[PDB]
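I have placed the structure first, in the form of structure tokens, so that the comments after it can refer back to it.
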Amino acid sequence: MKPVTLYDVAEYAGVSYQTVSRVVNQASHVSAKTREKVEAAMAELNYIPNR
DNA sequence: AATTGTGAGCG
DNA sequence: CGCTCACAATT
Ligand code: NA
């Protein structure tokens with residue numbers, strides 16, 4: 001499968017890789033609108049854990 | 001005083 | 001390259 005990364009979903013949402021990692025694991029500091037971006041980025045794109 | 005970004009340490 | 005963990009320059 002296409003190795004869709006944390007970055008791809010982050011840029012797609014308009015957020016940082018670390019902000020989007022903190023939507024997956026190590027979760028601190030996530031906002032109303034920013035969260036809803038990450039969700040639409042994860043579900044429209046076929047993100048792969050660890051690739 | 002809140003977050004992103006950067007650092008670095010694991011794989 | 002890809003990611004969790006942890007910490008801090010900037011705002
Ligand atoms: Na992950």
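Convention: chains lettered A, B, ... in structure tokens order; per-chain residue numbering from 1; ligands numbered from 1 as shown.
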
At a cut-off of 6 Å around ligand 1, and using only C-alpha atoms (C1' of nucleotides) and all ligand atoms, what residues come up? Please write them as a list in words.
residues 24, 49 and 50 of chain A

Would you kindly report the residues of chain C within 8 Å of chain A, using only C-alpha atoms (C1' of nucleotides), as an MDAnalysis selection string?
chainID C and resid 2:5

What are the nearest atom pairs, with distances in Å to one decimal, for all residues of chain A that come at most 8 Å from chain B, using only C-alpha atoms (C1' of nucleotides), set out by chain and rising residue number as a tab-separated table?
residue	atom	partner	partner_atom	distance
A:16	CA	B:4	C1'	7.2
A:19	CA	B:4	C1'	7.5
A:29	CA	B:3	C1'	6.3

DSSP helix (DSSP H, G or I) residues within chain A, listed as number ranges by chain:
A: 6-13, 17-24, 32-44

Report as number ranges by chain all protein, DNA and RNA residues lying within 9 Å of residue A:35, evaluated on only C-alpha atoms (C1' of nucleotides), omitting residues in the same chain fewer than 6 positions from it.
A: 13, 20, 23
